[PDB]
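Enquirer: My structure is below; once you've seen it, I'll send some questions.
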Amino acid sequence: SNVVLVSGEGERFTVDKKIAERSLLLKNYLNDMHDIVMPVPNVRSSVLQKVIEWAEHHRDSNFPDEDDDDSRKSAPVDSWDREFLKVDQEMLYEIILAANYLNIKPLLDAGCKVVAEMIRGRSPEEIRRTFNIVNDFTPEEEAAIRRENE
Amino acid sequence: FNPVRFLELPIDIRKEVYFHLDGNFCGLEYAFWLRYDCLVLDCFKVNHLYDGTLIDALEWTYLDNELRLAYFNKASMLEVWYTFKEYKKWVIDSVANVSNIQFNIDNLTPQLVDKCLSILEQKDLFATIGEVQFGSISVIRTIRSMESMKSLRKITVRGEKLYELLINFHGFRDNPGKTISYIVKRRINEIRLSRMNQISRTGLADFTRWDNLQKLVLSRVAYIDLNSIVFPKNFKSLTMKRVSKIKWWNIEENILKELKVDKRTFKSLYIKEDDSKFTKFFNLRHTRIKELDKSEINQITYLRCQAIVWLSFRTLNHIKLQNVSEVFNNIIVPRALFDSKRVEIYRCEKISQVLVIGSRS
Amino acid sequence: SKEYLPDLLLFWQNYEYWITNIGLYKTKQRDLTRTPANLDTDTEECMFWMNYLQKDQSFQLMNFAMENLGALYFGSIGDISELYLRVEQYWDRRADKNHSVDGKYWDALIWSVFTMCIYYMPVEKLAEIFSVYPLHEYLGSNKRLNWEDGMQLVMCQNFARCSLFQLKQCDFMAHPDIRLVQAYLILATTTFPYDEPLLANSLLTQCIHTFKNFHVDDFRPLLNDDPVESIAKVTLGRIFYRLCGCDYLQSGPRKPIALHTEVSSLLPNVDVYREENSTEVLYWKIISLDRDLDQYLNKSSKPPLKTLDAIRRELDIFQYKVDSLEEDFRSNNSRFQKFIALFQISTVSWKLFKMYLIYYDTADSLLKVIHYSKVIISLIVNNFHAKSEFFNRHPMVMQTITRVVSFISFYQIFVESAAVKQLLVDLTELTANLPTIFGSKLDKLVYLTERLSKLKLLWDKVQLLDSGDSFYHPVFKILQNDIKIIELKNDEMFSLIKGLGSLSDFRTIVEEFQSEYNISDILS
Amino acid sequence: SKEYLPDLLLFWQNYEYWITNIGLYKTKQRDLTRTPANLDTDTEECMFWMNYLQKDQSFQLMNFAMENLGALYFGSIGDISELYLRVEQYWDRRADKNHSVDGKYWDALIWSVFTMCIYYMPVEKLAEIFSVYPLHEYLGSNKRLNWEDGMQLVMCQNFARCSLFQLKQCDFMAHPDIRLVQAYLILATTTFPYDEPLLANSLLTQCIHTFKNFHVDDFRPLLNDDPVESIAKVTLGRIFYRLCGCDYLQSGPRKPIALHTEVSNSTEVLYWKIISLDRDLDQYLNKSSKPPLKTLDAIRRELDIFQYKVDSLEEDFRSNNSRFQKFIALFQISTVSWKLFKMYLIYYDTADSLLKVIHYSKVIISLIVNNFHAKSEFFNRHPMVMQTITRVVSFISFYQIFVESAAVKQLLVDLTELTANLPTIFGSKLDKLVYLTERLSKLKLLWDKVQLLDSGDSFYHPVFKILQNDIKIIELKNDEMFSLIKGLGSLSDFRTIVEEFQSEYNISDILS
């Protein structure tokens with residue numbers, strides 16, 4: 001018994017039901033009445049294929065919990081996940097958007113840990129010294145800071 | 001890294017990005033430009049926008065001869081620091097009224113604690129300050145000022161030297177200036193404890209004086225005894241962080257003294273039938289929970305068993321447990337806090353026996 | 001510019017509180033100088049609707065409820081095999097010329113059970129059991145109507161009135177007893193609280209007074225109790241939580257005396273985490289999630305995201321408990337229980353992501369609204385099959401669609417999208433295919449949606465003006481005056497004065513549209 | 001030792017909450033398996049009992065109410081000459097076939113006014129208006145019964161029942177309107193809250209629902225208001241304060257939905273302020289706590305202020321309404337004074353307390369004996385004198401049992417003589433009050449003839465066990481757990497003396 005996901009571009013993908021129970025949405029979209037195809041809008045087919053490959057990898061892995069706020073902080077940076085999400089930034093944000101829409105907490109956590117490691121190790125005094133979305137900052141206040149820089 | 005697409009990115013995903021990015025904003029530190037990032041102000045705007053459920057470690061300090069807000073790392077390294085007019089202006093930018101600001105005593109010096117409290121009182125507010133972090137001249141200096149401290153909700157007390165003087169009921173001494181003033185005890189909504197070994201030694205751990213407790217945190221304590229501890233009226237929560245071997249309630253000794261049945265015969269009385277319906281979602285894999293057989297008991301006797309369970313368990317909603325590594329006396333919890341996700345054990349492979357009483361109908 | 005949208009979405013909360021919730025179900029235009037007095041005292045009418053029934057018909061109704069409808073009454077009355085003796089006692093005591101108060105209480109309870117039996121029976125079984133003909137011989141209506149033509153609801157409402165008449169013969173105000181409350185908890189499953197909301201609020205205030213007379217707070221029994229006393233406390237607790245659910249489903253500006261002392265899940269003298277979770281307090285927990293969402297409708301403040309995320313977490317928890325309910329489907333009582341819990345959990349999910357769309361505009365919130373709307377469409381269309389059409393008769397399918405098909409209409413006025421139009425076509429297909437037992441109420445819903453459809457056209461042909469500070473368009477004035485008219489129709493000061501007293505093309509287009517499509521057509 | 005007196009005076013608070021208040025007035029022994037459920041719903045009864053009243057008799061009732069009863073209905077319906085038009089409309093509309101709901105509301109209001117006219121009328125004019133013989137032709141009782149035998153109470157109860165029947169024809173459940181609250185507050189002037197107690201509690205919960213339907217929480221006139229709305233909010237404030245008063249006069253265990261949100265045109269404000277002071281006094285009956293001295297001293301200072309305000313009030317002799325108002329206000333402030341100094345005597349044992357109790361008790365006796373003459377005999381028919389004299393004779397008898405004094409004895413003889421001289425419109429409550437006084441006197445004789453003992457820790461006497469078992473029996477009788485069980489399914493010589501006293505002098509005789 002296989003379950004067909006539908007991407008945004010239209011390519012229908014086919015997984016198994018026990019595989020698709022990694023999603024916390026297939027488990028509550030197929031459990032209506034026992035007496036098969038789930039659309040996923042605004043997801044490009046390559047992104048949903050990568051999400052399906054991630055779900056096919058961790059078929060028998062013990063993720064910690066849903067409400068364990070300290071195990072998420074004491075972070076396991078998994079090896080295959082760190083090898084997996086090594087793409088450019090827009091592919092990464094589309095995977096994280098898809099994981100939020102598919103209600104998949106571990107992939108969301110892994111993607112946000114990768115983005116957290118990116119935003120943690122930014123260039124000191126090169127990109128941190130350039131604030132760029134400048135709002136609620138007057139030219140007088142910006143001039144005061146740049147005068148206080150010397 | 002593009003911080004202009006990351007800001008047009010929506011709210012809760014960006015929250016989940018900052019959730020794993022709590023203290024380590026950088027990685028030794030160029031603290032001039034690190035404050036004026038758009039990302040740090042985004043962190044504090046979202047953090048003010050929920051309730052403060054992120055880092056929340058905002059201190060009042062007296063640095064560079066000025067009273068300013070400061071955030072410290074998990075290893076107590078200073079990350080950012082704001083003037084209060086600045087933080088007010090960008091909280092107003094976020095909301096388009098601050099009341100939750102922590103106050104250490106341990107991360108300060110008393111010669112500047114006195115000046116901090118004096119200028120913070122006489123300047124404008126002496127308010128907008130929620131937590132008070134105790135754990136001895138500076139302590140008594142803080143106690144004299146808590147009568148005017150209008151909106152506080154938390155007290156944390158560190159190791160056993162300061163605890164038994166202030167929190168426990170055992171004293172009833174004649175020093176009004178040393179202890180609380182009973183108007184601060186009315187709004188005392190949470191209490192955390194840390195860095196101690198035994199809560200109940202040299203007396204008894206009785207919280208009956210402190211009205212209005214809806215939460216409680218026991219963190220990094222060696223040996224506690226729940227049988228000794230009594231609890232106030234209208235008590236709600238119970239959270240315990242990493243502890244050593246502790247004793248639980250005497251519930252199983254009271255079921256054993258009810259049915260007049262032996263220990264080994266009760267070990268064949270605890271069924272393990274309904275373990276595959278919903279407890280597989282709990283992802284325990286070490287503690288196989290066990291219930292009582294329906295055929296091996298009557299109805300009214302089962303209701304009396306539930307009544308025995310709720311005694312010494314009167315008002316509690318959820319019990320949260322980190323790694324405790326041992327529990328002596330026979331965990332036997334009610335299903336009304338177990339069938340919903342209230343009784344939450346998280347990392348306990350050393351615990352093995354969990355008994356649950358109640359109908360799963 | 002397209003920045004008029006967030007203030008308008010915030011205005012949707014006010015419009016949803018006053019038009020869809022209060023003004024459609026819970027508002028009755030009364031005029032005390034024109035209502036006929038009750039000089040009949042419902043004696044001839046309920047005399048007919050009591051001797052119309054026969055014995056075999058009553059036992060077939062009881063067998064239908066015994067094998068189907070157990071998830072509704074099983075918390076209220078308990079097990080219905082005890083009640084066959086009470087039906088036998090009624091048909092033996094029918095010949096008696098002197099009744100007691102207790103016997104008339106049991107008779108009112110079983111007449112309420114018969115009202116629920118009439119409300120949840122499909123048209124084929126109801127035509128095979130009952131006869132259309134003597135009612136048209138009596139009621140003087142058109143003799144061409146059938147049960148599917150609108151006469152099942154008339155018999156249901158008259159059986160509810162006869163249950164209330166047998167309550168009137170008890171002097172139920174002079175003798176407080178539990179068989180009032182149980183009877184109302186059988187009458188709160190039909191559309192009786194939506195027919196007469198004033199009478200439902202009065203009976204519910206009597207039920208609150210009757211419950212609080214017993215002075216029971218904790219339903220966990222003690223160790224020094226009679227076994228009968230402990231079974232009494234358990235049954236009283238089930239009655240209490242069903243009463244709290246049926247109490248929140250009638251709130252508004254005409255229901256001032258609340259029973260809501262039940263503390264919601266983790267923001268209050270009755271903390272609802274202590275009871276062993278049966279069907280009834282599970283239904284109450286889902287209604288408590290619903291009431292924690294829908295208190296920010298008329299309030300001016302915005303809800304915190306901490307609360308909405310806690311609602312999401314607990315929503316998934318009870319979502320998984322519904323999956324792990326684990327009962328036998330061969331008896332099909334668990335099927336209807338599963339449908340109730342699954343439809344309520346989808347409704348609460350939909351309201352959560354609607355407030356996510358409105359108040360904070362978060363990641364793909366509109367897409368999640370479309371997704372849960374399709375889930376509600378699936379859960380209703382799946383019961384268009386045989387043997388389970390009456391599953392679409394539980395009154396929560398009238399509420400939720402009224403929340404959905406309004407909102408997806410309203411958003412369609414202002415934001416043009418591709419998926420939203422197909423979703424609105426699906427809702428327009430679903431709204432006509434709902435069962436006809438909601439009657440005029442269902443008709444009113446279609447009118448409201450039709451008015452909103454016309455409100456798209458006036459948005460298109462008229463250009464948005466600009467004053468720099470605020471925006472001006474006739475749609476804004478008409479949507480404002482709808483709330484103004486219905487808030488005027490819920491002002492009882494003029495009833496007080498009747499009691500003890502002595503008594504620009506903008507404006508043109510607004511008056512034309514309000515003269516053509518009046519909002520007061522939706523008032524009951 | 002003689003240490004039982006302060007704990008026994010604290011026990012008097014418990015006994016006065018349960019026995020003199022809840023047991024005698026606010027407890028109805030019901031049995032649902034034997035009570036006839038009236039299938040007729042009193043149509044056969046009230047059809048006759050509304051055909052009995054005649055038109056000119058009703059206008060003489062209205063004239064009597066206008067002349068002598070103003071200080072009652074001014075809180076509810078204001079002026080009664082405005083109500084003459086509604087009475088004319090009813091007597092013209094009575095011959096019709098169909099009826100309207102608003103008309104039946106006005107009918108319920110004027111029938112409640114008729115009940116208030118019947119309950120406070122003197123016996124000579126009442127005999128000149130109404131006959132006696134059709135009453136006994138319907139009821140089948142003795143022909144030799146008179147109005148002083150109790151037929152006036154029967155006519156009052158039947159008019160109250162027919163007012164309720166007109167409310168039942170309104171479907172007042174499904175049509176809330178303000179005339180329900182007024183027509184109940186006119187029925188709250190009588191002892192209708194003591195005939196059918198839980199029916200009165202259900203009607204009062206309906207009145208609270210009807211009041212809170214309006215959603216008016218502040219009664220002050222604004223500037224941009226219609227003046228009709230300002231007059232309506234002033235009148236609604238008057239109805240609200242008197243409804244808080246009549247709500248406080250029906251509290252207990254069988255009435256949990258209370259209206260008391262207020263804390264602590266001149267007359268009604270004075271009336272509610274005195275009743276709210278009475279509320280702040282008698283909130284310590286059922287409690288286990290005790291009031292502070294500053295609380296009782298503030299109550300005494302405000303008591304002296306309102307005493308000067310009553311001294312600042314006037315009285316008119318040609319206008320009997322002003323004397324009626326003056327007697328009601330002065331008796332209320334004397335009752336509040338007596339309860340204050342009773343709490344002084346009980347709680348703190350302060351000097352010059354018992355003399356104040358005897359002083360204000362004699363003031364109460366003088367205010368009643370002043371009305372024993374002609375032209376003002378009906379002033380003793382208000383329910384406040386029944387409540388007050390019940391509390392007074394109960395506390396004086398309980399004090400005479402355990403403390404002997406000659407002035408207290410002469411006071412008890414005066415109370416006992418005045419108790420039998422109360423009018424026969426209170427009836428069964430008066431007879432059970434006399435029975436309770438006789439039971440406490442025989443309890444005094446039992447205290448005299450039996451030695452008090454002590455085992456070294458606490459005392460032992462039959463009087464203590466009897467007084468404790470009275471509270472325990474009446475707290476057992478005020479439980480609805482047995483009715484809930486019947487609703488869900490069909491499921492030594494010391495002891496000899498106590499059992500003989502309980503077998504001879506039973507406690508269940510004061511119930512209803």
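Chains: A, B, ... in order of the structure tokens. Residues: from 1 per chain. Ligands: from 1, in order shown.
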Which residues in segment 271-467 of chain D does DSSP call strand (DSSP E)? List them as a PyMOL selection string.
Expert: chain D and resi 453-454+459-460
Enquirer: Skipping near chain neighbours, those fewer than 3 positions away, what residues fall within 7 Å of residue 26 of chain D using only C-alpha atoms, listed as a PDB file with C-alpha atoms, in the first residue's frame?
Expert:
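New file out_8.pdb:
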ATOM      1  CA  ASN D  21     -32.275  30.631  59.915  1.00  0.00           C
ATOM      2  CA  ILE D  22     -31.875  27.601  57.629  1.00  0.00           C
ATOM      3  CA  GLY D  23     -33.896  25.028  59.555  1.00  0.00           C
ATOM      4  CA  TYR D 194     -40.883  31.282  53.477  1.00  0.00           C
ATOM      5  CA  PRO D 197     -38.409  28.543  49.627  1.00  0.00           C
TER       6      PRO D 197
END
Enquirer: Find the spatial neighbours of segment 211-215 of chain C, counting only C-alpha atoms, within a cut-off of 8 Å - ignore same-chain residues fewer than 6 positions away - and output them as a PyMOL selection string.
Expert: (chain C and resi 178+181+240) or (chain D and resi 253-256+479-481)
Enquirer: Taking 3 positions as the minimum chain separation for residues in the same chain, which residues sit within 8 Å of segment 150-161 of chain D when counting only C-alpha atoms? Answer as a PyMOL selection string.
Expert: chain D and resi 46+49+111-112+114-115+118-119+145-147+164-165+187+192+424-427
Enquirer: Using only C-alpha atoms, I'd like every residue of chain C that has an atom within 12 Å of chain A; please write them out as a ChimeraX atom specification.
Expert: /C:309-310,312-324,329-330,332,334-343,345-346,349,362-372,374-383,385,388,418-419
Enquirer: What lies within 8 Å of segment 101-107 of chain B using only C-alpha atoms, ignoring chain neighbours under 4 positions off, as a ChimeraX atom specification?
Expert: /B:56-60,113,128-135,138-139
Enquirer: Residues of chain C that have any atom at most 10 Å from an atom of chain B: could you tabulate them with the shortest-distance atom pair and the distance in Å to one decimal, using only C-alpha atoms, ordered by chain and increasing number, as a tab-separated table?
Expert:
residue	atom	partner	partner_atom	distance
C:220	CA	B:307	CA	6.8
C:221	CA	B:307	CA	6.3
C:222	CA	B:307	CA	5.6
C:223	CA	B:304	CA	5.7
C:224	CA	B:304	CA	9.2
C:225	CA	B:304	CA	9.2
C:226	CA	B:300	CA	9.2
C:227	CA	B:300	CA	6.0
C:228	CA	B:300	CA	9.1
C:230	CA	B:300	CA	7.6
C:231	CA	B:300	CA	8.2
C:234	CA	B:303	CA	9.7
C:265	CA	B:317	CA	10.0
C:266	CA	B:317	CA	9.4
C:269	CA	B:234	CA	9.1
C:271	CA	B:317	CA	8.6
C:272	CA	B:317	CA	9.1
C:273	CA	B:317	CA	6.3
C:274	CA	B:336	CA	5.6
C:275	CA	B:336	CA	5.7
C:276	CA	B:336	CA	4.7
C:277	CA	B:336	CA	6.5
C:278	CA	B:361	CA	5.9
C:279	CA	B:361	CA	7.9
C:303	CA	B:50	CA	9.9
C:304	CA	B:50	CA	6.3
C:305	CA	B:50	CA	5.7
C:306	CA	B:50	CA	5.7
C:307	CA	B:50	CA	9.0
C:309	CA	B:12	CA	9.9
C:314	CA	B:341	CA	8.5
C:317	CA	B:341	CA	7.3
C:318	CA	B:340	CA	7.9
C:320	CA	B:278	CA	8.2
C:321	CA	B:278	CA	7.1
C:322	CA	B:278	CA	10.0
C:323	CA	B:278	CA	8.7
C:324	CA	B:278	CA	5.6
C:325	CA	B:361	CA	7.9
C:326	CA	B:277	CA	7.1
C:327	CA	B:361	CA	8.9
C:360	CA	B:11	CA	8.3
C:361	CA	B:10	CA	8.2
C:362	CA	B:10	CA	5.9
C:363	CA	B:10	CA	5.6
C:364	CA	B:10	CA	9.1
Enquirer: Put those residues in a file: N, CA and C atoms, as a compact mmCIF listing (two decimals), in the first residue's frame.
Expert:
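Contents of out_7.txt, freshly written:
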# COMPACT_ATOMS: atom_id res chain seq x y z
N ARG C 220 -13.65 13.08 42.06
CA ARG C 220 -12.83 11.96 42.49
C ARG C 220 -13.39 11.49 43.82
N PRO C 221 -13.86 10.25 43.92
CA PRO C 221 -14.45 9.78 45.18
C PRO C 221 -13.40 9.63 46.27
N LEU C 222 -13.87 9.58 47.51
CA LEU C 222 -12.99 9.42 48.65
C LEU C 222 -13.05 7.98 49.14
N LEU C 223 -12.32 7.71 50.22
CA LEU C 223 -12.23 6.36 50.75
C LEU C 223 -13.32 6.06 51.77
N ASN C 224 -13.97 7.08 52.32
CA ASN C 224 -15.02 6.91 53.33
C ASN C 224 -16.42 7.00 52.74
N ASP C 225 -16.63 6.50 51.53
CA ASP C 225 -17.86 6.70 50.79
C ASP C 225 -18.59 5.39 50.55
N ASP C 226 -19.91 5.48 50.47
CA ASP C 226 -20.75 4.44 49.90
C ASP C 226 -20.30 4.15 48.47
N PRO C 227 -20.23 2.87 48.04
CA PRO C 227 -20.07 2.57 46.61
C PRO C 227 -21.10 3.23 45.69
N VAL C 228 -22.34 3.32 46.17
CA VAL C 228 -23.39 4.03 45.44
C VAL C 228 -23.05 5.51 45.35
N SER C 230 -20.01 6.77 45.27
CA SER C 230 -18.90 6.94 44.34
C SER C 230 -19.37 6.84 42.89
N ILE C 231 -20.28 5.89 42.60
CA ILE C 231 -20.86 5.80 41.27
C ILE C 231 -21.68 7.05 40.96
N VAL C 234 -19.21 9.79 39.98
CA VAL C 234 -18.67 9.59 38.63
C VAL C 234 -19.69 10.01 37.57
N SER C 265 -6.45 24.88 29.29
CA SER C 265 -5.19 24.13 29.32
C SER C 265 -4.01 25.10 29.23
N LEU C 266 -3.42 25.38 30.40
CA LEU C 266 -2.15 26.09 30.59
C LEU C 266 -2.16 27.49 29.98
N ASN C 269 -11.58 27.32 39.63
CA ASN C 269 -11.67 26.44 40.78
C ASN C 269 -11.73 24.96 40.40
N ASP C 271 -9.85 22.63 37.94
CA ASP C 271 -8.76 22.44 36.99
C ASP C 271 -8.99 21.14 36.23
N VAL C 272 -9.20 21.24 34.92
CA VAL C 272 -9.52 20.04 34.15
C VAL C 272 -8.22 19.43 33.66
N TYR C 273 -7.53 18.73 34.56
CA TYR C 273 -6.49 17.77 34.23
C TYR C 273 -6.60 16.59 35.18
N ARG C 274 -7.49 16.69 36.17
CA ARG C 274 -7.52 15.72 37.25
C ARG C 274 -8.47 14.56 36.99
N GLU C 275 -9.36 14.69 36.01
CA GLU C 275 -10.34 13.64 35.76
C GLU C 275 -9.76 12.59 34.81
N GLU C 276 -10.11 11.33 35.04
CA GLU C 276 -9.76 10.25 34.13
C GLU C 276 -10.52 10.45 32.83
N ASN C 277 -9.80 10.56 31.72
CA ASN C 277 -10.39 11.12 30.50
C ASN C 277 -11.26 10.10 29.78
N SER C 278 -12.57 10.28 29.91
CA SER C 278 -13.58 9.56 29.16
C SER C 278 -13.90 10.35 27.90
N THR C 279 -15.02 10.00 27.25
CA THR C 279 -15.45 10.71 26.05
C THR C 279 -15.85 12.14 26.37
N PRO C 303 -3.83 38.11 20.36
CA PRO C 303 -3.41 36.96 21.17
C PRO C 303 -1.92 36.74 21.07
N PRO C 304 -1.28 36.31 22.15
CA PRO C 304 0.15 36.00 22.10
C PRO C 304 0.43 34.72 21.33
N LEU C 305 1.59 34.70 20.67
CA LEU C 305 1.98 33.52 19.89
C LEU C 305 2.37 32.35 20.78
N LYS C 306 2.75 32.62 22.03
CA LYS C 306 2.97 31.57 23.02
C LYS C 306 1.71 30.73 23.20
N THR C 307 0.56 31.39 23.30
CA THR C 307 -0.71 30.70 23.47
C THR C 307 -1.06 29.88 22.23
N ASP C 309 0.97 28.63 19.98
CA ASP C 309 1.86 27.49 19.85
C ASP C 309 1.54 26.40 20.87
N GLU C 314 -0.87 21.00 21.91
CA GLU C 314 -1.94 20.20 22.51
C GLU C 314 -2.93 19.72 21.45
N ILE C 317 -1.39 16.62 20.25
CA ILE C 317 -1.51 15.58 21.28
C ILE C 317 -2.89 14.93 21.25
N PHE C 318 -3.95 15.75 21.24
CA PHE C 318 -5.29 15.15 21.20
C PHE C 318 -5.59 14.56 19.83
N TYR C 320 -3.44 12.79 18.22
CA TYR C 320 -2.88 11.45 18.27
C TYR C 320 -3.66 10.56 19.23
N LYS C 321 -4.27 11.15 20.25
CA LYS C 321 -5.14 10.38 21.13
C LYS C 321 -6.40 9.89 20.41
N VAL C 322 -6.90 10.68 19.45
CA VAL C 322 -8.03 10.25 18.62
C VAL C 322 -7.65 9.03 17.79
N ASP C 323 -6.43 9.02 17.25
CA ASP C 323 -5.92 7.85 16.56
C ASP C 323 -5.78 6.66 17.50
N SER C 324 -5.36 6.91 18.74
CA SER C 324 -5.17 5.82 19.69
C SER C 324 -6.39 5.59 20.57
N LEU C 325 -7.58 5.96 20.08
CA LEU C 325 -8.81 5.67 20.82
C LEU C 325 -9.05 4.17 20.99
N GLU C 326 -8.89 3.40 19.91
CA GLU C 326 -8.84 1.92 19.92
C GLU C 326 -10.13 1.29 20.48
N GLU C 327 -11.20 1.37 19.70
CA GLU C 327 -12.39 0.60 20.04
C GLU C 327 -12.82 -0.26 18.86
N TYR C 360 -0.90 37.59 12.58
CA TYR C 360 0.55 37.67 12.45
C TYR C 360 1.09 37.37 11.05
N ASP C 361 0.31 36.72 10.18
CA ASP C 361 0.63 36.47 8.77
C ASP C 361 1.94 35.69 8.62
N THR C 362 1.88 34.44 9.08
CA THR C 362 3.05 33.61 9.27
C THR C 362 3.20 32.69 8.04
N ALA C 363 4.13 31.74 8.12
CA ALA C 363 4.61 30.95 6.98
C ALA C 363 3.52 30.05 6.43
N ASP C 364 3.02 30.41 5.24
CA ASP C 364 2.02 29.64 4.48
C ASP C 364 0.75 29.41 5.29
Enquirer: Residues of chain B within 10 Å of chain A, counting only C-alpha atoms, what are they? List them as a PyMOL selection string.
Expert: chain B and resi 1-7+9-10+12-39+89-90+93+281-285+322+341+344-347
Enquirer: What are the closest atom pairs, with distances in Å to one decimal, for each residue of segment 241-322 of chain C lying within 12 Å of segment 257-272 of chain D, using only C-alpha atoms, rows by chain and rising residue number, as JSON lines?
Expert:
{"residue": "C:256", "atom": "CA", "partner": "D:257", "partner_atom": "CA", "distance": 11.8}
{"residue": "C:257", "atom": "CA", "partner": "D:257", "partner_atom": "CA", "distance": 8.6}
{"residue": "C:258", "atom": "CA", "partner": "D:257", "partner_atom": "CA", "distance": 10.4}
{"residue": "C:259", "atom": "CA", "partner": "D:257", "partner_atom": "CA", "distance": 10.6}
